[PDB]
Amino acid sequence: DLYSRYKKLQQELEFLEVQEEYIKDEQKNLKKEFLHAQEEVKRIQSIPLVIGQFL
Amino acid sequence: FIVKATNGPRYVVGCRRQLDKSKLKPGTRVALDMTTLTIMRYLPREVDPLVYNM
């Protein structure tokens with residue numbers, strides 16, 4: 001089977017090397033998403049905050 | 001600035017844009033916004049006329 005095994009190891013390799021690129025792009029994406037999370041949540045700032053007490 | 005609602009609570013405000021942030025020393029009276037609640041206009045006054053009537 002040395003014509004078909006050596007055929008398809010290449011095939012599944014090129015498959016997984018394509019499939020790596022998806023997660024490479026998503027890792028590029030989600031750091032931006034986490035920064036948008038950071039600042040666009042931390043706009044929770046002083047909308048005219050009231051003085052109280054903590055118990 | 002921390003302002004004083006005369007029935008109650010205390011807030012965090014800003015100016016309009018150019019309300020002279022050196023004029024607004026602790027002790028002045030300001031006019032506060034209705035929605036944004038921030039400072040709109042300074043005022044004079046002060047209190048009990050037992051100082052004044054003498």
# chains A, B, ... in the order shown; residues from 1 in each chain; ligands from 1
>>> interface_residues(of="chain A", to="chain B", cutoff="12 Å", atoms="only C-alpha atoms", output="CSV table (one decimal) with C-alpha atoms, in the first residue's frame")
chain,number,residue,atom,x,y,z
A,45,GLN,CA,-16.7,54.8,34.9
A,46,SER,CA,-18.2,57.9,36.5
A,47,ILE,CA,-21.5,58.3,35.1
A,48,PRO,CA,-22.3,60.6,38.0
A,49,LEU,CA,-21.6,58.1,40.8
A,50,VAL,CA,-23.2,58.5,44.3
A,51,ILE,CA,-21.6,58.4,47.7
A,52,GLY,CA,-22.8,55.6,50.0
A,53,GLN,CA,-21.4,53.0,52.4
>>> select_by_dssp(residues="chain A", states="helix (DSSP H, G or I)", output="number ranges by chain")
A: 5-41
>>> residues_around(residues="segment 15-23 of chain B", least_positions_apart="2", cutoff="6 Å", atoms="only C-alpha atoms", output="VMD selection string")
chain B and resid 25 39 to 40
>>> write_last_selection(atoms="N, CA and C atoms", output="compact mmCIF listing (two decimals), in the first residue's frame")
# COMPACT_ATOMS: atom_id res chain seq x y z
N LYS B 25 -14.24 76.40 43.68
CA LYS B 25 -13.57 75.94 44.87
C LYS B 25 -14.60 75.31 45.80
N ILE B 39 -22.23 70.31 36.63
CA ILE B 39 -22.30 71.72 37.01
C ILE B 39 -22.63 72.58 35.79
N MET B 40 -23.58 73.50 35.95
CA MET B 40 -24.03 74.41 34.91
C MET B 40 -23.66 75.87 35.16
>>> residues_around(residues="residue 29 of chain B", least_positions_apart="2", cutoff="9 Å", atoms="only C-alpha atoms", output="ChimeraX atom specification")
/B:3,24,26-27,31,41-46
>>> select_by_dssp(residues="chain B", states="strand (DSSP E)", output="list in words")
residues 29, 30, 31, 32, 39, 40, 41, 42 and 43 of chain B
